[PDB]
Structure formats: structure tokens, C-alpha cells
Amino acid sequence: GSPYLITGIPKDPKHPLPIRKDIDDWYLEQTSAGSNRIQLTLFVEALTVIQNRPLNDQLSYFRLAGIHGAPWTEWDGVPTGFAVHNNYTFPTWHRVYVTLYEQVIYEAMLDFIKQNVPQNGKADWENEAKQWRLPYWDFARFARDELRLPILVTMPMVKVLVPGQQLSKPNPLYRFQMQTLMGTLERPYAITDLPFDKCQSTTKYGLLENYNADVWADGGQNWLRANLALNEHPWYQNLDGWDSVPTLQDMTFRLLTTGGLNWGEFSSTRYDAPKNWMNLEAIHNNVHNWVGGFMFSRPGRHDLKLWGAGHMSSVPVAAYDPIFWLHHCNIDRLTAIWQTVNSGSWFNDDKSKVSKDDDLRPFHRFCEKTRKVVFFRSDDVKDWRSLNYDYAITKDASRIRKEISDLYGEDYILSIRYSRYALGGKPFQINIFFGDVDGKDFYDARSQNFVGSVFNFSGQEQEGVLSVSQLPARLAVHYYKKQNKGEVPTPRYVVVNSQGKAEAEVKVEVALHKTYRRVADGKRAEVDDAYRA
């Protein structure tokens, strides 16, 4: 049935603008309030059916994930993937993509009810399906002292109700598992420096060099290691007994509360000022890295192994991990929040205006004005409510500033300008330090003097185009001055590849700014010979 018309869940008067809930709040409601976990059952059962549909079914989990990147085939009659990255339509392309997923799941819930619920209970189960929306993962909220992956994502199994008659079933949010290695799928669907061709299941930090290749078939879900990455902060805050602040929460707070940005500044890493370089896509890029892992190996000798790679860090395959959609649900929510407090800023600066009318292929919609099938466009989804969902935080804009502070609440900042194609398109991580760099340990918050990272979510650039990100630096500069006779630090950086080696030929523009004036220029730090690319 093509074209598939994306609409959002249809309107029903008994269900006015239902909200997409925080997935932890929702999980707790469903399992705690009492035993009637009907929405949890519906989502589990429907997503399981979708994951088990065949590859020639374009509404299969695999084909839905395939729209984003590999294996780069057609979708819905529409012949680098469809996904928009490093352009101003990044938020709107993904807004439609998340709505497509939600709609397909709702439709499969209705099918589950027709299949498994007795007549006399159908109205009760239909009511719950019509009230459900895709929950979001609030990656910047403290879990019910630290940031965490959703409760439900960390559960291999989940208890469900059996209509008419609980029962434990594999949790389709934990992983996506195929019946064979993805590199051996039928043409044209096969997925063929990270061994994704040798995976049967999606994995978080599961792929490491120097283990039997059969381990890569399912490398597991190292959610504790992802939670550690998610709470990245400067190294000094782990010292006895300084308090820590997760950089991701600070970045999210600043993104939502800094005023003045135009749509082009907010929407994307694309650079075609530095104070306005904290953008939605850059934060989204670091979260992809922190959930999945991107380093397959590390040089040298190490007892504790903190590396390991996984689907969410890799553009061509990230959409196969079920948390992809929950991450993007919150990116949609952050967009809606920022729209609410920046209500005039929508593709109307000189750089982003050109992209406003881009067709958001491959997504189809019917137009009422021509009674014609057309592609989605950004203006079609400016009001997300037109798609019949909302967020609690935007339903009531009156004290939105208060909820933002309640949730995520001289200045110094780091600016970072880079090419996504500095390594021919391969991903890399830009790590910044204040002070001497350890030539064998230049990786993460456990690395001496580490301040923060910028992840290049990629896998030549458009001429004239680069990418930007921004890191908070106030707390780290204060510590460094204290330790270093009041010296303002020279930012040192290392560009790290998926083998954990430093790429010395890569030039990145790193600078320190203070309230903003430029006070120090970044320099590349050298590492040990053995750790050099």
C-alpha cells in the first residue's frame, strides 16, 4: 500500500492532544499504580510484531530503520541515505521520521487488539491504544543523582498482560535481533572499520577487537558503560571531594535558555558567533556516541577496558537500535520547547531560509489544497500538534521557564569548528584538555585534565560548509586557574579515531572565550608514538 500517508495518530474526541510521556514516568505508572499494564502490553506486543515482519514489507522494523542510512534502498516508491544531517532541516526531517514510527506502532496496536482481545474487552483496550503516544527518553534529567538510559531499555524481558485470561516476553526495546548476521541478508538488504556486517543484534559497546568474531554476533547491551559516558564531565570533578555536574545537562539547559539564536544557529551543526554555536544537533551527536561507543580498539596495555563500539555511534546503522527512536523523540521535544520560547525564529535568517522548502523525502502526505500526494515540507510540521501529539512541558507554556530550570538547572566557553570529512567521512572524537595530556590516556573523563568532547557523527564535505559545536568551560577554567597560579589555560586537543589513535594531521579550530572575547587559541597535543595514527 504505497504511498503510505503519514498523518500522526488519528484524532478521537475521547483523546484530546495526548502527550508523549517521559518513558521512565510512563514505565513506573504502568507497573506501579497497579497491575493493569495495558499500554505497556500494547507497545511491547506491537513493536515485536513490527520487528518480525519480512524485509519486503516496507513497514517492517528493518525497513523503517533502513530509511535513515544503510542499506540505502528505496522506500515507499522513492528510489547517502534519506536522513538530513548537517543542514537546517535536521530537526524537521527527524520530526516526520519519529511520527512515522509512532503511527506504524499505533496501527499495529489496533491489529493486536483485533487479533487477541475478546469483543467484550475491545473498547477498554482501544481506549488505551488511542491515548498512547511514543514516550521520550529524557537524557538530560536525573533518574528517579545521575543521568541514565531508560529503565525499560535496560530490561532484557518484560511482563505483559494476556487479554481474555501476566507473562514474561523478550523486550523489543532492549535490542533489535535478526535471525541471521546482517551482512548475509537477501539482496538488496545486506549490510555489507566496525564489523556491523557480522552482527545479528544491535549492541551498546559490544564490539571490541581481539575477541572471537562470534562474540560480535550479539555484543550485548552494556548499559552501565553507556550510563557512564552519558554522565561525562571534567576529570577534576572526580577528585576528592569536588561535586560534579554532567556536561550533557548543562549543555541542554543552555540550549533551552540562551536567547537570541536564529533558526540556523539552533537547528544544526552546519556552518556556512561562537557564543551561538551551542546547537541541538551537536548535543544529539554526543549522545549517539555516548549510548553506542565508537572505538573498536585501543593501543597499549590495559587491564580495565573502557572502549567498545555499537550501532548508535554510527550514522549508517544507528536507527536499528530501538533507543534511536526514543532519543529522537526527545530531540523533537527539545525542538518544540525551543520553538515555544523563540516563537519568531523559523527558517528566516539568510542562511537557513533557502532550506525551508526542501522536500523531506521519502515522507508522503496528502494535500487538501490540490487533493494531491506530495512530500512533507518543514512548514507542514512547524506546529507539531498538527500531528496529534504534544508534550506536557509545552501544553502549558505559562511557566515553561520554571520547568526547564526545575529539570535541567565570568563565563567561559570553548568553540569548536571542524570538517565532518577531515578523515574522508569516517567518524572521530575531538577531546579537549586544560593542562598536560597523558600520551597513553587521552579519551574520556578518567583521562587526566580532560574537559570535554565533540563527536563527529559521520560515516569531501559540501564546498564552503563546515561544522560547529560549543562546550561549557566555566567550572573547568576555575579549577585550572586554582591549580596553576591563575593561568588561563590554552585548550589542548586530540582528534581520536575508531582504533583509539591520534590523527595528527587533522586541524580543528578550538578557542577559549570569556564574557564574549577570544582569550586563548587551542593547540594540538602530541601523544605517545604507539598511539599515533
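Throughout, we count residues from 1 along the sequence that is shown.
Count the deposited residues lacking coordinates between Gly409 and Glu410 and you get 10 or more of them. According to the entry, the deposited sequence places 10 or more unmodelled residues between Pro79 and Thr80. The mean C-alpha temperature factor is higher for 255-263 when 306-314 and 255-263 are set side by side.
As listed in the deposited structure, the average C-alpha B-factor of 489-497 and of 475-483 is greater for 475-483. Ranking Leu466, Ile38, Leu55, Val49 by the C-alpha B-factor listed in the PDB entry places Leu55 at the top.
Highest C-alpha temperature factor among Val153, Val374, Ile432, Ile337 per the entry: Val374. When the modelled residues of the chain are ordered by their C-alpha B factor, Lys402 lands in the highest third. Remark: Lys353 belongs to the highest third of its chain, ranked by C-alpha B-factor as recorded. Sort the modelled residues of the chain by CA B factor and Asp272 lands in the highest third. Residue-level temperature factors show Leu512 in the middle third of its chain, judged at the C-alpha atom. Sorting the modelled residues of the chain by their CA temperature factor places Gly66 in the lowest third.
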